[PDB]
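Colleague: Fold the following and give me the result.
(7 chains)
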Amino acid sequence: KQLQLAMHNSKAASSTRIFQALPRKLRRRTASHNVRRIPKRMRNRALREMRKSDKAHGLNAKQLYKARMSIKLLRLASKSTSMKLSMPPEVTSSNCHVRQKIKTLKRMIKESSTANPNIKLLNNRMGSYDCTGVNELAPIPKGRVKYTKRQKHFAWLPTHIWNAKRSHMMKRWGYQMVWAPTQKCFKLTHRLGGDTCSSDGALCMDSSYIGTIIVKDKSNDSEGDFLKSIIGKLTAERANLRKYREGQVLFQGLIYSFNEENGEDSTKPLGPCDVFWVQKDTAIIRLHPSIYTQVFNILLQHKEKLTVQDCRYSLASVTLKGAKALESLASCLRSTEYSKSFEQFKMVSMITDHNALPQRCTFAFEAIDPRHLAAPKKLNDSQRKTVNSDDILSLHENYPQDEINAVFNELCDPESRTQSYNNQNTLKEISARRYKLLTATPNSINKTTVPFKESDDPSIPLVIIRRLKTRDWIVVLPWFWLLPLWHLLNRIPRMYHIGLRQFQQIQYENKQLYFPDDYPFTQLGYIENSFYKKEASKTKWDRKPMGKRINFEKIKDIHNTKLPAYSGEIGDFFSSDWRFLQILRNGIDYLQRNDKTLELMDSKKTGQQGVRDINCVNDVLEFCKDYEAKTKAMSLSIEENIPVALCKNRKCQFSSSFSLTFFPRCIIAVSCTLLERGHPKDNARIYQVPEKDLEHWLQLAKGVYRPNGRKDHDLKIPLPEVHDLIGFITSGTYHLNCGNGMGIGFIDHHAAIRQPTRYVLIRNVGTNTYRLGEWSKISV
Amino acid sequence: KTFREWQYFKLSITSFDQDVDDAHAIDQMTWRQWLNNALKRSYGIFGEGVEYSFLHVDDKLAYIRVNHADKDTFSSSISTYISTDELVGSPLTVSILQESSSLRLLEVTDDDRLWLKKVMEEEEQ
Amino acid sequence: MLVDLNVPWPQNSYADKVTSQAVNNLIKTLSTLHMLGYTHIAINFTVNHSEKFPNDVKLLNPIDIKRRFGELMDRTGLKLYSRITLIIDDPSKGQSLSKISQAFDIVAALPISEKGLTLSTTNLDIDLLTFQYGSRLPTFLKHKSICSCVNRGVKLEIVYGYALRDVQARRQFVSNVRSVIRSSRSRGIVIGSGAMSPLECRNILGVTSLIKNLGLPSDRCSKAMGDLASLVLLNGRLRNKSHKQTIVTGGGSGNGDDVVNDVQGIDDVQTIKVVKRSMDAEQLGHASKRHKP
Amino acid sequence: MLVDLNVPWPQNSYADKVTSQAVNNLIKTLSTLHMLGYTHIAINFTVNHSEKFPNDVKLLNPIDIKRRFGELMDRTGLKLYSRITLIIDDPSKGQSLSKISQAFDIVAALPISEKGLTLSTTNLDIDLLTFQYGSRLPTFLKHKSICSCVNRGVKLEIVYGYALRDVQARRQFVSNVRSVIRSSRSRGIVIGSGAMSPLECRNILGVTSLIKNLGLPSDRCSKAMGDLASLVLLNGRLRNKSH
Amino acid sequence: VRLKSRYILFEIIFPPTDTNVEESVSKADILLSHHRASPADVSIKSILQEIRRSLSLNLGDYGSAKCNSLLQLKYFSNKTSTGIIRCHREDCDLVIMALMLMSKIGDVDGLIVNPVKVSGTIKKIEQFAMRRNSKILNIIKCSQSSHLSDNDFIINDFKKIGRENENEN
RNA sequence: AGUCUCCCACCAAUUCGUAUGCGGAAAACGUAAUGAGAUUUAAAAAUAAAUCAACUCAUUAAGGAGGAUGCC
RNA sequence: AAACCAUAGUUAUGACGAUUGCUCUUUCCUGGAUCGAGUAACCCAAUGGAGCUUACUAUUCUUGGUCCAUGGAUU
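Modeller: Numbers count the residues shown, from 1 in each chain, chains lettered A, B, ... in the order given. Below you will find the coordinate block:
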């Protein structure tokens, strides 16, 4: 305890060095100092169990459970220290050795019910096997009995027990997935997972919730040609072409639901899809859980000719985003033999800007148990630093086709990945193996990683693919192997895990859609819009005292001239209402059947065969008001008023069938950027720019300056009519990649193809301020 | 929506003795030295610019109008000044009998209020 | 109502007697305060804790309201209460608050030290806590030890008589007042007026003008010398007329019949109230079903 | 930018010429004002509106802005302007301002008596109005006189110079400024600075407080030396299209 | 709650205001002439005394007591006349009024007291002062070769005022 | 806001391998049914102490099959 | 030598203007127009989250219920 040794230690430093306080993401607070407390229900049972004193001699009907749980109670209350029952109950003051060892364990349980058949123990000392259903669905994988009881309705991912301690969870679509971590991450997500060049880290997401369907033909001929028809029908004629089959590049598009079996048939978009072809007669399909079953049963209509494996409980995947992503993954993977596909992986893990790489960058090989390393380690890459654009062109010719196929086909076969577990090691025996390295023969090495045996250790097949549209890396692995890998991947000093909200933000920044929230032309996007968000908003609205919330139907000067139908704001206050858009636009179009000049209102013509005349626009608005709260708030009806843009041309249309809800009105998807102040939130409205005041708005766009020299903002803002509504905004916030507010939304198709300019007006819900913006198309 | 220009007072008291109170204060040139002395003792040179108008002074019940923005100043100082041997040996004081903002309250049997009523309206000129 | 909680009784301590001129000045200023519109008037007393109180318990207060100011109460119909304030400088000096709280109707203590401030906020039976605003306050006012004594039966008092006396004391008054309203969160406060002559008195419209300039709003300043001082009087009067605020020796219904509103009717020497037996057991049990009052 | 537009030019009438020490003092005070932060500056000039104006179209503005100060419009970026302060006392004596309009940029007026004050707001060609805050303004001025002119394109001016010279003038200044503020309902007020010396100038972020603690709202204190003072200069320069 | 505060950074300019000088005109020379040091007869007490004098005359008792409750002079340097003062948030304008309406500190005459910025925290006025000194040094070393200002009135001062008296956390 | 709990490294097993009415990764956490007590008590000060409410405590594994009470 | 990292981030959240809501109310014709007052109390981040425990809304900002509590009218 002499400071002389402290001075000697500091002699390896300066005289008086100064150390910083910890960064705020690496700090923890002190918990309590006394031992933990047991629940009372586990105390009473144990106390009453120990206080108890002690026709084929079994006679154990429903008493087997009582014995098998009394044993656990006795063990717990004889082992744990936190158990403070009373003074008398002890290990020896009451018969605990005699009980449950020579009284219950063998005399009672063993002598009543003989062990059931299937005594095939396992090839493992850790429960690890396959859960696949050939031509049928599969159940939850068996595991710990306590934690398999809670998965009766919503399943678990392999990492759930790990994420639950560090995130906010939710429950949807039969899974208990992760929503967002417990720290603010708005800017860090952008500058580590966005398209910036300031990235010094990566983002990893456990996307095991996305299913996997391995479909394959059974004609025994490698030419197939019938799975081709199924895949070409399932989507548009896209995913069966020379680019995707022979070159085996990944596919991302839209997946339909064909039903052609008797005369009249149609199709309805469902959502995104990932189709990967292998050897021209095997296909892998990845789908969002919500549309998993509906397509699946469709394939089951032809299982006479194909074969399907619901392997969603046997294959896991992880998604990686960022610049230094492959560098971090390559720090926790080694091989068994020498393979060229690891040489390419070693070379390409040194790019740091993955947009330069070509369309196809598939890797596939066989790794060893990642628990050998005991610490992530670089690939000695600093030696070579003269990568140029000439070796990249070699990657398009030196492609190891056979070496990829051979290692790939060890994933589309259940018994192969069953052999993959042939001998999975426990933690203690790996520890002992590592300890045996302190007495090695080289005696001049001091190695840390354990060696690898030639045949008495398992080999893990592994695939890595690149998604171009989303710009990220998929890694596909067997299910039970995911947990050992994921433990190392989070020991990198600058690796962060993200939830589902961060995924939405990332795909928003890159001007791309998002299947759950931003597909109002799909059967489930429409439900999420008009049935799930609206309830969540109204429940917290009408449950505030009046006057402490925004009044919606009492707003002044919204439009240039006021129609007495709606006192305040137009449409529903809580969601992007598309039914009103369809009815209003169709009525506006019909009001110009042969009278080009519309007209707003005639002063008190009359009140109303159930006549509903179509004279004035106020009549259209009151028709829309009538159709709601009195036709679908007391009954049900389903229709898809929102199609998607089609390559064909069916623009125009026209007392027999003149209903205002019978024809779908085509729209397109756009992104609008604001030239001046503004901050578009969700559900805001998008108006066309009136022919009058076009010069004023153009002048505002060019710039109007005060005598001081700044910009002029406080002027007279002119207003448009109510029949100038052409679109809605479904996602919008401050866009950090450009520094100005930006939104993404949908606009009516026929509106844009008649604008003499490229400007629109944006206003939120519950406000009367009109901001200017310019819109650009999104190719989706 | 609204605007206020003037504030009207009704303030009157002297030393609470009546034996010396018979030396009645002169009309205005003692109700003008006293107020200036108060507004100087309480606030400095910046406490001189308060512009106030005498409306129909009386024997003791003086009436005053002051700017809207000086109500904070005036009422704070007149209530905290106590003179000494200024005009007579007896120190004086003020008590604010009433305050208003419309000049339409608390007048008894008078003709002066006919003036300051309509001829001096805002006139939109 | 309208109430003033401080009018200094002219005397140093139990040593010297009071001259007649001071008493006549007190009568004149009392009449002036009545003229301004005040109904209940207190009368203060200032003694230091480090001095002997007389052993004979009868002489613990020489104000003697019942027979010094009878005629003024006859004409003006005023209500007069006695009050005492004690200087607290050093604890462990004897002379507990047992008997001095018996003869008086309100007991208050002003501290002039750290130990005094600690003692006079957690472990005393006082009902008013005051400082000396014409000097330097002993301590920076902690934000927690003042707000945690308001929740007991203690209140703070502001006296504006220091704002009309001299020139150097005005700065100290402004600073200390700002400090007190800042630290106490401005919840329980009352206002008195240590006037030594009729010249220094002010009415309700001329006491809010000063205080509103030091931060306090107007409505709270109106409630200051309103029901709050009435509650102070109630706490002061429920200490010798009841056991633990549970059994008072008061009277019946009718306006102006309470333990504070009634001063003449209660024999304070014996603390009884003999009244005409007008209510018996054989009469109808309602308001109007029986008609005889 | 900051605009201060009441720097005086050392000349009393059309007879005398400018000496050396006067211009030497003017250059120093201009340099100091440039240091404190001001960029745009105007130069004043006082006449009596009842004197023999030079008949020729030249030498009626002896400022001579393009020869003098030529080494200050470069080597430092501050720009300079010209103005004249007519003093109006009588409702007559001709000399209509159609002549001197082309020879200046800013024309002001300094009424003295009631007839002059009511003439000034009646029909002239001024674009700014000023008062003698030194002492003894003709008091009891009401919204009636000022509303008509301020509704049109006219502005009021404060100088704050007299608050720096002597206490006796300071008291009159602080008395009259309150009246002029409350009579116009805080509309169209701008601030200049009467700098007779390189000592009587001041910064910005305090004089705004000097006007805010007298009655002007804090929203208007930030536009006196700013947008309004810029607009008056912009219009004055755009008047030069007479040619 | 907690009491707020405001910090004011005030300089002292010593203009020449003397005839028969005919100075040169350039951004370097004007600053180098107006920014001479203080004659050291002023002190930390003289400024406080003078700013108390200028309040009880241009304002009254209720104007000189709402500011004198909390008014402390923290840091002052003579090599460059910059100083820092502290006051209540709601009563800072009156101190500014005291600043302008005050000249002729003590016996020294012909000078201007110039408040240049006001801010809440103390950590930020330090950064502002550092940026101000850097800006002055940059503008004095760019007109020509820097050493034509060899008199070194201020050049050796900005570097050496780093944290010598600025350790008042 | 606080003199308070839990989480923010792993464990096929000297680490709470804890199927315990239900929810929860856990909690000095939430909630359902039946039933009972308050210094004379499992217990509080010398929450309740006419009724209902409030405080505290005791008991109650999921799935599926078979028969019956009541209504179609 | 660091690990320094927040759509509030270190004891900062400022000084003011112009409209619309809401509560009460003077006169009227989630009803419409007028006259005049309020928009509070409890309080404030310091690494983050899930819980619990306390403080508040006295014709002095507001909204909803229950009572084998009391007074009147129903009946």
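Colleague: dump the residue contacts of residue A:449.
Modeller: A:372, A:373, A:374, A:377 (CB atoms under 8 Å, 6 or more residues apart in numbering or on different chains). For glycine as for every other residue, the C-beta is placed from the backbone atoms N, C-alpha and C.
Colleague: Can you list which of these are found in helices?
Modeller: The helices, defined by DSSP state H, take in nothing from those.
Colleague: Need the max-distance pair from those residues.
Modeller: Greatest spatial distance among the contacts of residue A:449 (CB to CB): A:372 and A:377, at 10.8 Å.
Colleague: Looking at those two, which is more packed in?
Modeller: residue A:372 (17 against 13; other CB atoms under 10 Å in any protein chain shown).
Colleague: From residue A:450, how far out is that one?
Modeller: From residue A:372 across to residue A:450, the span is 5 Å (CB to CB, to the nearest Å).
Colleague: cool, and residue B:18?
Modeller: For residue B:18, the distance to residue A:450 equals 113 Å [CB to CB].
Colleague: neighbour-wise, which of the two wins?
Modeller: residue A:450 (22 against 8).
Colleague: Can I take it that that one is in a strand?
Modeller: No. Under DSSP: H, G, I helix; E, B strand; the rest coil, residue A:450 falls outside any strand and is assigned coil.
Colleague: element containing the residue in the stretch 501-650 of chain A that chain B sits nearest to?
Modeller: Chain B sits closest to residue A:556 of the stretch 501-650 of chain A, with a gap of 15.5 Å, by CB to the nearest CB. Using DSSP states H and E, residue A:556 is not contained in any helix or strand.
Colleague: Contact partners for it?
Modeller: Taking CB under 8 Å, 6+ apart, one finds residue A:768 in contact with residue A:556.
Colleague: please redo it, this time with the cut-off set to 10 Å
Modeller: A:562, A:568, A:768 (CB atoms under 10 Å, 6 or more residues apart in numbering or on different chains).
Colleague: now residue A:165
Modeller: Residues near residue A:165 by CB under 10 Å, 6+ apart: residue A:182.
Colleague: got it, and residue A:518?
Modeller: A:504, A:507-508, A:512, A:525, A:528-529, A:669, A:730-731, A:744-746, A:780.
Colleague: any shared contact partners between residue A:372 and residue A:377?
Modeller: In contact with both residue A:372 and residue A:377: A:334, A:448, A:449, using CB under 10 Å, 6+ apart.
Colleague: quick one: which of those residues is nearest residue C:21?
Modeller: Taking these together and measuring to residue C:21 by CB to CB, the closest member is residue A:448, at 103.2 Å.
Colleague: Would you mind giving the shared contacts of residue A:372 and residue A:377 as TSV with distance to residue E:107 added?
Modeller: Formatted as TSV, the shared contacts of residue A:372 and residue A:377 follow (distance: CB to CB, whole Å):
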residue	distance to residue E:107
A:334	85
A:448	80
A:449	83
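Colleague: Looking at those residues, spot the one nearest chain E.
Modeller: The closest of the shared contacts of residue A:372 and residue A:377, once distances to chain E are taken by CB to the nearest CB, is residue A:448, at 46.8 Å.
Colleague: Looking at the shared contacts of residue A:372 and residue A:377, which one is closest to residue A:117?
Modeller: So of these, ranked by how close each gets to residue A:117 (CB to CB), first place is residue A:334, at 41.7 Å.
Colleague: neighbours around the closest residue to the closest one other than its chain neighbours, how many?
Modeller: Nearest non-adjacent residue to residue A:334, counting by CB to CB, 6 or more residues apart in numbering or on different chains: residue A:368, 5.8 Å away. For residue A:368, the count of nearby residues is 19 (other CB under 10 Å).
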